[PDB]
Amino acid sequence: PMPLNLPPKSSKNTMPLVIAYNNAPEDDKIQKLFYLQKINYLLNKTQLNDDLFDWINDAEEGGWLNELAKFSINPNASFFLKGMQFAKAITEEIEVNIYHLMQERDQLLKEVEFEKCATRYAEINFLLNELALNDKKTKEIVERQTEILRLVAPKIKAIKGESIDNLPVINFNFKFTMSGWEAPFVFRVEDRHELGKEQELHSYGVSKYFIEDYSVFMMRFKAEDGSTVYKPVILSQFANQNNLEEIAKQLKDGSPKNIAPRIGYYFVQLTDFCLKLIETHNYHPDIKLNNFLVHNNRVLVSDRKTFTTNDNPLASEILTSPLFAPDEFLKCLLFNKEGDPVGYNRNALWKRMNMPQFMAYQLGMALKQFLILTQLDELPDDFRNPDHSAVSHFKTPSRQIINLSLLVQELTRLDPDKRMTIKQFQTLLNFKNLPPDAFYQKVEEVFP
């Protein structure tokens, strides 16, 4: 059986993995699959060149794509689905947390050779395939994503074969509708040169708040410097669901008995997103109601283009929304005659933001905006001012609205180091029913 062609000498980081794949015994399919998955893992965090791009697109015998086809692994599958296709092929040759499993497998693919982990590797992939077979949610995701990947395959082929001059030069995206699907589908180009960060994110539990991506592949584009560059192209369904700002406005014209329980439901999820993103050393600098949607009673972040890995960035290194921005960020901006931030002043070159206290403020301002849109048609002119609290706008306010309004004030204190943390907000969210003074006692206990 013809071996796998060695990677090009111009880009030979996968050389040891290819040699290990070829030296594995032909009937040792699990070791074949393990080094196939290691190559893919390293390819996903590799900047491509013309010679390596040719190598990953060789479907002739001895080519990378022919090795994948032997195990029904789709080179255009999403990070989640491609891992699951690996888990089924490995299982054929043989109560748990899927994100722990994916993280454990990724650590092996990152740094470990097959010698030191062969049986645990197959154990992980068996458990992953078990979830694909018995967990209703995982089974639905695999079935739906296999359906979409098959039916969009002509579109993937067409865009991959499109002339490079008909593509954009380096928020680029391509929209198309499919008969039978209401929401259109979108191909988008990412800003990063590789998928290393995307590959890691989908092994973390914060990806359950991500809009589902269906296909990932690299493509050649003309760059702004005249050269040709390779960028990731990711497919998803256009997100036409209501955002949280639209939902708050819906709750004003509904029964007031649903307001307090619906806020807790959405903000339990929003808080868990914030903390789980911080667990991966990532930060969302543009936290606001209209950047989150609800899809089948799940909160999803609208996009991840603004995520940052830096917990102490300069003002000029994060994109945010000034209306919901803390004062430490506003003091770094230069303003218009209309009152619009026009640019930066000298402060922005050295003044830094503490991201977890930045997110605490913006999460608290999203709660303030959610509470107010439940009572008023539009936000008041002085909505930023902590004098004008949220209960302020209520007439005969509920006990829950009193406790939630207090949490808003504790999350938006002018001094970042005096703000409540999202972790504390999570704990005290589960006590919004207790009477006002009793809620004040619990607040003092959790946040002295």
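In this text, residue numbers run from 1 along the sequence as written.
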Quiz item: How many missing residues of the deposited sequence lie between residue 94 and residue 95 in the entry, grouped as none, 1 to 3, 4 to 9, or 10 or more?
Solution: 4 to 9
Self-check item: Interresidue gap class [residue 275, residue 276; deposited sequence, unmodelled]
Solution: none
Exercise. Using only the Cα atoms and their B-factors as the entry lists them, report which of 315-323 and 71-79 averages higher.
Key: 315-323
Self-check item: Comparing 433-441 with 16-24, the one whose average Cα B-factor in the PDB entry is higher
Solution: 433-441
Quiz item: If you check the C-alpha B-factor for each of 154, 180, 364, 161 in the entry, which is highest?
Solution: 180
Quiz item: Which listed residue, 283, 335, 265, 185, has the largest C-alpha temperature factor in the record?
Solution: 335
Exercise. Would you check the entry's CA temperature factor for residue 140 and let me know if it's in the chain's lowest, middle or highest third?
Key: middle
Quiz item: Once the chain's modelled residues are ordered by C-alpha B factor and cut into thirds, is residue 246 in the lowest, middle or highest one?
Solution: lowest
Quiz item: Which third of the chain holds residue 108 when residues are ordered by C-alpha B factor: lowest, middle or highest?
Solution: middle
Quiz prompt | residue 64, C-alpha B-factor rank within chain (lowest, middle or highest third) | solution = lowest
Practice problem: Consider only the C-alpha atoms of the modelled residues in this chain, order them by B-factor as the entry records it, and name the third containing residue 37: lowest, middle or highest. | Solution: lowest
